[PDB]
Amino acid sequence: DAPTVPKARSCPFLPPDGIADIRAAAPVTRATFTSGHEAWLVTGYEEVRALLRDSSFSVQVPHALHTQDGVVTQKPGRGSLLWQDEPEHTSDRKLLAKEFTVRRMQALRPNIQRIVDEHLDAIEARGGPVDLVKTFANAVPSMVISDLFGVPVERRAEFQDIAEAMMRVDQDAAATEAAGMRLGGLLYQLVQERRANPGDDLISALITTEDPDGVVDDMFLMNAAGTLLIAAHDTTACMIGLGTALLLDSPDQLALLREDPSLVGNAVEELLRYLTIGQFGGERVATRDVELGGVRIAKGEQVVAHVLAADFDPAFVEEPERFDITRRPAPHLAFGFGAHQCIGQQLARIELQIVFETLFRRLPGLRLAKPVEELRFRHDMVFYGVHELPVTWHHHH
């Protein structure tokens, strides 16, 4: 039996302790995963990039290595992207990217600022202490993406609850699929509504997009909306609560940011790299024999791109365990790489910049109200983070 992949973190803001020696000795190696299956663990930065850029790997993998039962949940089809291979991944991503453009992400900045300031108004009005996860981290990115999609305000809490029920590694396939099925009911209503009553929203723009092959039908819209809505809710929330917790535990770094809000672009790149919240790694399967880091991977063999390990490779950046927001941004792997690299990463960066800049400006003396060693971290979720973050700040006399 290949050694189990290290999971335990003695420092909750760092990778599992065992990872570094594995990456150093054998950045492509056999390991046993949570499901009990053996597969290839890829931990080295250059090798994860090579893995992710190689189009002979498929995302239609045989096992769910990160769940106990190993059962692969039934994934949505065309429009969802994450679970598609070329050539349909390529054409369908192009259709989505025609309307979900980086310039349109950029044009969300004033709305995202308003949402942030509104949730901080509510925090100041209630006074401290507060749990920043429930009052701010989960709520803000939900409002941003729900506004882009014209999701009625009374349904948004249900979307948030689906991400909490669905994006887990501590349950069986039946539980995960039931939450996926409830999400389909919400997506079906939303697509029907946009078709019936088009508006200034992203589904309505996709409905009218150039579509010579007639691929944009309701199932495609539901699948695209589901992937975008859930990814945008869960990942960004996790980064907000965890990057906040890390800065609140990093006094020299938080002082630099407080001195200079214009460093927040560098700080968000370093937070993404350092926290790499996709903690268990991306799964792929070889569709032909390939050589990866000089190791033969056989057709049909599953492989895990451990982006958290890769972002701590000392060959990628100097002293990678040092959290340093003054570093020049480098091309970390927090959004993946190659064909599947995050289509939403510019919107994610914009949200994080506005969130962290405004948060640390507007709550003077923000600081933890519960020590890190007592927080509940997300070892049980696909995306890492904290389940709660109690904070306090200077009182407004």
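Sequential numbering from 1, following the sequence displayed.
In this entry, 83-91 shows the higher mean Cα temperature factor of the pair 83-91 and 220-228. Taking the mean C-alpha B-factor of each stretch as recorded, 293-301 and 306-314 are not equal, and the higher mean is that of 293-301. Highest C-alpha temperature factor among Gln346, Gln353, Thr43, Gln341 per the entry: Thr43. As recorded in the entry, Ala31 carries the highest CA temperature factor of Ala31, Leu333, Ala369, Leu366. In the PDB entry, a CA B factor belonging to the middle third of its chain's modelled residues is recorded for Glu158. When the CA B factors of the chain's modelled residues are split into thirds, the value for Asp117 lands in the lowest one. When all modelled residues of the chain are sorted by CA temperature factor, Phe57 is found within the highest third.
When all modelled residues of the chain are sorted by CA temperature factor, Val48 is found within the highest third. In this PDB entry, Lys98 carries a Cα temperature factor that places it within the highest third of its chain's modelled residues.
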